[PDB]
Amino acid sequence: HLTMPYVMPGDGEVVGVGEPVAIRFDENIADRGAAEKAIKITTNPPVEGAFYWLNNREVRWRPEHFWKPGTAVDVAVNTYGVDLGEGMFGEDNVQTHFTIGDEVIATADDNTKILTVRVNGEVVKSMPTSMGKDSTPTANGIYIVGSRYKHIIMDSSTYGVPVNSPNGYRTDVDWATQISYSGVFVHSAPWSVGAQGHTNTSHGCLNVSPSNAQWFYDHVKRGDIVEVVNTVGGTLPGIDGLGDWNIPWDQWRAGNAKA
């Protein structure tokens, strides 16, 4: 009957303009309204924001538009002793103070097949890319940058497809930056350098050259934005985990505290 919250980003971090505040709980929250009322967010400069639940254990808070660089955010999750419904009580309080770094937006355009990175509006890198093939396309939309990995074993089963099924694989890859919980990554693809900039060959990932993937890993950070445009895919789901900005503000702001 006690629930511990966990807040991200972590205290003291510098994050990109797309990073929502996230509060995760270790038990389903029966009374979302009580949880929301216990969470106090302060911004400087001040900006309006709102809560939206991605699932029964995680609530997110963000503004209507990407954060302004330099904004300082203070989060006080004052859940100690709060009745969160169905006999569960908040076990403790948590907090975080973080800041927003430079505006870094990378756009992957299927019409040009170039991933362009802008920093504070100026083009700093252009990278040829190979996105998802027609049968497994990369969805359009706004993606928040998540974790990064120097090496990972990219395994289709992690994301629902058996490795040993006709469309599964298990492959070692370098310099991977995750942009969706559904398993979309920007990563090094040495075998398809010829196709990059010309033909889509991946299972959904944004495949780029080894040096370009390493650059991305080094210069794109948690909270920065990747926008995908002009593919044959649909749109990334808003409740993906890193797809928050695909929920329009009017829907986000109305929330889902009774759902």
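Take the two forms, find the largest set of C-alpha atoms that superpose within 1.5 Å, and that set is the rigid core. The first residue of the sequence shown is number 1, and the count goes up from there.
Colleague: Just give me the stretch that moves more in 7 other deposited structures of this protein: 179 to 187 or 81 to 89, judged by RMS C-alpha distance after a core fit.
Modeller: With the rigid core fitted, 81 to 89 is the stretch that strays more in 7 other deposited structures of this protein.
Colleague: With respect to the recorded C-alpha B factors, which stretch has the higher mean value, 105 to 113 or 147 to 155?
Modeller: According to the entry, 147 to 155 carries the higher average C-alpha B-factor.
Colleague: Averaging only over Cα atoms, indicate whether 217 to 225 or 58 to 66 has the higher B-factor in the PDB entry.
Modeller: The stretch with the larger average C-alpha B-factor is 217 to 225.
Colleague: According to the Cα B-factor stored in this entry, which of the following is highest: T138, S130, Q178, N120?
Modeller: In this record, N120 carries the highest C-alpha B-factor of the candidates.
Colleague: Quick one: classify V208 as lowest, middle or highest third of the chain based on its Cα B-factor.
Modeller: Its C-alpha B-factor, which the entry lists for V208, ranks in the lowest third among residues of this chain.
Colleague: Ranking the modelled residues of this chain by C-alpha B-factor as given in the entry, is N28 in the lowest, middle or highest third?
Modeller: Its C-alpha B-factor, which the entry lists for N28, ranks in the highest third among residues of this chain.
Colleague: Can you tell me whether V124 has a C-alpha B-factor in the lowest, middle or highest third compared with the other modelled residues of the same chain?
Modeller: For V124, the deposited C-alpha B-factor lands in the highest third.
Colleague: Within this chain, which third does the Cα B-factor at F185 fall in: lowest, middle or highest?
Modeller: Bottom third by C-alpha B-factor.
Colleague: Could you say whether, by C-alpha temperature factor, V73 belongs to the lowest, middle or highest third of its chain?
Modeller: Its C-alpha B-factor belongs to the middle third of this chain's values.
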